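The data below hold one chain only, encoded as structure tokens and taken in the form solved without this ligand.
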């Protein structure tokens, strides 16, 4: 027989707090968990709206309904609980993420688009020059105009460009991002794009990878179809963090081990937070908050 729990929480950060929810579904002796934590500025839905939809969905599932949610964060969180219940989300994971860097398969991540383009190009060249066997993933989050893209590349030695594993969504438009890629020889990745209507997995010169943030994307099943479509075209697919708590981050670790076995995931966001909850990320020294101490809604 079906039973469940719903929690709400707010974790302090080093975003002042990270606000989200959890769902626990049980069937008999089985149990599955999931995290529903929309990200302000990326997810369309709010924490409050996700809370309403998740409570309704839970009520209905408790009542026997089979309908799955459409709201992305809820769809994700619920799909994980259900996969756990059915034992389809493997337990194994390496729990290793590409480290998030500033300045200093060796793979690391650097966010760009915060400082001006030249500074980012200079910072990037310095690193690459400094660590000859380093491979960098760069995240622009559509920060640049074509000009800015040229400005960034100008400071990056062509002979180190092959070591930029991908630069996500450099430009405001896909055509401009594609043009930047072709001209600079710097590989790019799609991230936000995959979430736009009408997106199609197609071979494109200069595109080498996609970044999938499941909390933004939707169900695990949808994440799996996108990973697979990326793989079928020969692209790298990276499972990436939406600043989930430790619970969802660990799940993301398992999803990566399972669906993107040879690709280290972009989960280096735990240290931005003050505590872990429910499930530990191995090696973290953050305190852990137990179920018992969370705000229960259902």
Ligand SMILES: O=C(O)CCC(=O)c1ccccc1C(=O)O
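Positions refer to the first chain, counted from 1. Heads up, when I say rigid core I mean the largest set of C-alphas that superpose within 1.5 Å between the two forms.
What follows is about the form solved in complex with this ligand, which we do not show.
Figure legend: unbound chain with this ligand modelled from its position in the bound PDB entry by local C-alpha superposition. Site open, with zero ligand atoms within 2.4 Å of backbone or C-beta atoms. In the bound PDB entry, no heavy atom of residue 251 sits within 4.5 Å of this ligand. Among residues of the shown chain, residue 141 is one whose heavy atoms approach this ligand to within 4.5 Å in the bound PDB entry. Heavy atoms of residue 266 reach within 4.5 Å of this ligand in the bound PDB entry, making it an interface residue. The closest non-hydrogen atom of residue 191 lies within 4.5 Å of this ligand in the bound PDB entry. Only one segment in the set 30-38, 65-73, 254-262, 233-241 has any non-hydrogen atom within 4.5 angstroms of this ligand in the bound PDB entry, and it is 233-241. Only one of the listed residues (148, 174, 109, 163) places a non-hydrogen atom within 4.5 angstroms of this ligand in the bound PDB entry, and that residue is 109. Comparing the two forms between the shown form and the other one on the rigid core, the single residue of 71, 181, 117, 209 with a CA shift of 2 Å or greater is 117. Once both forms are fitted on their rigid core, the CA atom of residue 87 lies less than 2 Å apart between the shown form and the other one. A movement of the C-alpha atom of residue 223 falling short of 2 angstroms is seen between the shown form and the other one when the two forms are aligned on their rigid core. Residue displacement note: residue 154 has its CA displaced by at least 2 Å between the shown form and the other one (rigid core superposed).
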